[PDB]
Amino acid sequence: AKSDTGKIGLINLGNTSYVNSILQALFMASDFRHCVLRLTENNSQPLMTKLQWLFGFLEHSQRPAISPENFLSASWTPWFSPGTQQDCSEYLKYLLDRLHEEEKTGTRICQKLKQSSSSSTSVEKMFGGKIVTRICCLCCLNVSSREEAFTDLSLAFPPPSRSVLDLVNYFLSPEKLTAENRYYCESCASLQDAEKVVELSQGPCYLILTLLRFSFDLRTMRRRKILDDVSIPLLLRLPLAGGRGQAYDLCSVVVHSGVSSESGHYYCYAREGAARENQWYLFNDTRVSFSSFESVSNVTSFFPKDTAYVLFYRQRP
């Protein structure tokens, strides 16, 4: 349509940029877009079916921008009040959870009905990873492991790290469980000092990173946005279990623009998210323009109120 980029914008329906920026980031995550667009006509995935309809318009509309109203309503986060500004990572997590559960439930019912008469979802394939936590009791040396799935890594800022790799290393750093946080060891049947180790047992196809850009101010008893610039690499080496590493290519960056955590606006930078097409674009509701990784890198330096919040990376084949 009207943007010479060949891309279609999304109309803001009243404080809905938190939905638009996420939909564009998911649309640009090539392998996920393909999962969605190829969904067979006979399926038991009602929400993914609505997403396929929307992705069809983003692919073929002759209009400059379209309304995602039908999908926005079908995927509406039930604890959100329409017209109120919201967290885009909270919406993304809800959306991925809904798309995962409807497919998982459908597969399970189908299999159970066949077994009574006598696998992984698209979300798991595209965004699912696994993390293992190991706690070593320093008294008896027993190590208790626990593996859990994730669709994103919630990257905390260290107490009062300049790069994404610094934040990733901090997320995976070993920790001493001591004093008020001593570990209850059932082998020792007592509270004991322990060492906590965290490793990524399975790297996801698309790695979603949420930068935890908020602190809680104990003087005012209010949360505050963290505006600290964090450098974003085009190529990230994700540390994996056993000292291994996996290369990841930056796909998209969702930016929150605003001095505070109570209000603001979201926009997205993205290039094609297929396995490594190199063109960057800037998606800001109805307006899509050509952009660059230089602009992704310049964000917080040029506009101190604008900060990357959600990042998408794709595993290098």
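The first residue of the shown sequence is 1; numbering continues from there.
Colleague: How big is the unmodelled gap, if any, between residue 276 and residue 277 relative to the deposited sequence? Choose none, 1 to 3, 4 to 9, or 10 or more.
Modeller: In the record, 10 or more residues between residue 276 and residue 277 lack coordinates.
Colleague: What does the record say about the segment between residue 160 and residue 161: how many deposited residues are without coordinates (none, 1 to 3, 4 to 9, 10 or more)?
Modeller: According to the record, 4 to 9 deposited residues lack coordinates from residue 160 to residue 161.
Colleague: Determine, for stretches 142-150 and 84-92, which one has the higher mean CA B-factor as deposited.
Modeller: For C-alpha atoms only, the mean B-factor is higher in 142-150.
Colleague: Determine, for stretches 181-189 and 235-243, which one has the higher mean CA B-factor as deposited.
Modeller: According to the PDB entry, the answer is 235-243.
Colleague: Whose CA atom has the top B-factor in the entry, of 196, 100, 224, 112?
Modeller: Result of the comparison over 196, 100, 224, 112: 112.
Colleague: Could you tell me which third, lowest, middle or highest, the C-alpha B-factor of residue 104 occupies within its chain?
Modeller: As the PDB entry reports it, the C-alpha B-factor of residue 104 lands in the middle third of its chain.
Colleague: Based on the deposited C-alpha B factors for this chain, I'd like to know if residue 63 is in the lowest, middle or highest third.
Modeller: Highest third.
Colleague: Sorting the chain's CA B-factors, does residue 200 end up in the lowest, middle or highest third?
Modeller: Highest third.
Colleague: Can you work out whether the C-alpha temperature factor of residue 53 puts it in the lowest, middle or highest third of the chain?
Modeller: Its C-alpha B-factor, which the entry lists for residue 53, ranks in the highest third among residues of this chain.
Colleague: Taking the chain's C-alpha temperature factors as the reference, tell me which third residue 307 falls into: lowest, middle or highest.
Modeller: Lowest third, going by the recorded CA B-factors of the chain.
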